[PDB]
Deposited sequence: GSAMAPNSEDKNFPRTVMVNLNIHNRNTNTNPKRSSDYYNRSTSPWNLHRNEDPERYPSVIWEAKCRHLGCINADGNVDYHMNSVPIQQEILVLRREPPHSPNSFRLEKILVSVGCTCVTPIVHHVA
């Protein structure tokens, strides 16, 4: 039972963080936006003043739920359904 609306479509913190992360290309041709950049923490611990991984702290991913569009029917260029996905944005350092 669809609820159809019309839609018109028209910093190196990752390296300097004490919980640094890498950026993964999440690419899905069935989704708009097709490309989402997601974070993966580099280490389990956090970097200390000497540049070493200190495992008494935890690098953890900062996540959120966001809105994307999913092609429906599949491969449709002009019709979609709303979709909620969980994504990792960056990482932070937490006390255990």
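Stretches of the deposited sequence left without coordinates are 1-12, 23-35, 122-127, in sequence order.
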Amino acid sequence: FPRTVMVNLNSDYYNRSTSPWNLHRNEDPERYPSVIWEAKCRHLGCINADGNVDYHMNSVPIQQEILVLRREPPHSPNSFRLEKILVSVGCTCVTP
From here on, numbers count along this sequence of modelled residues.
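Note that the rigid core is defined as the largest set of C-alphas that superpose within 1.5 Å between two forms.
Greater C-alpha displacement in 7 other deposited structures of this protein (rigid core superposition, RMS over structures and residues), of 82-90 versus 12-20: 12-20.
The question of which stretch, 61-69 or 43-51, has the higher mean Cα B factor is settled in favour of 43-51. Per the PDB record, residue ranking by Cα B-factor puts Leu23 in the highest third of the chain. The deposited CA B-factor of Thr4 belongs to the middle third of values across its chain. Among all modelled residues in this chain, the alpha-carbon of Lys84 has a temperature factor (C-alpha) in the lowest third.
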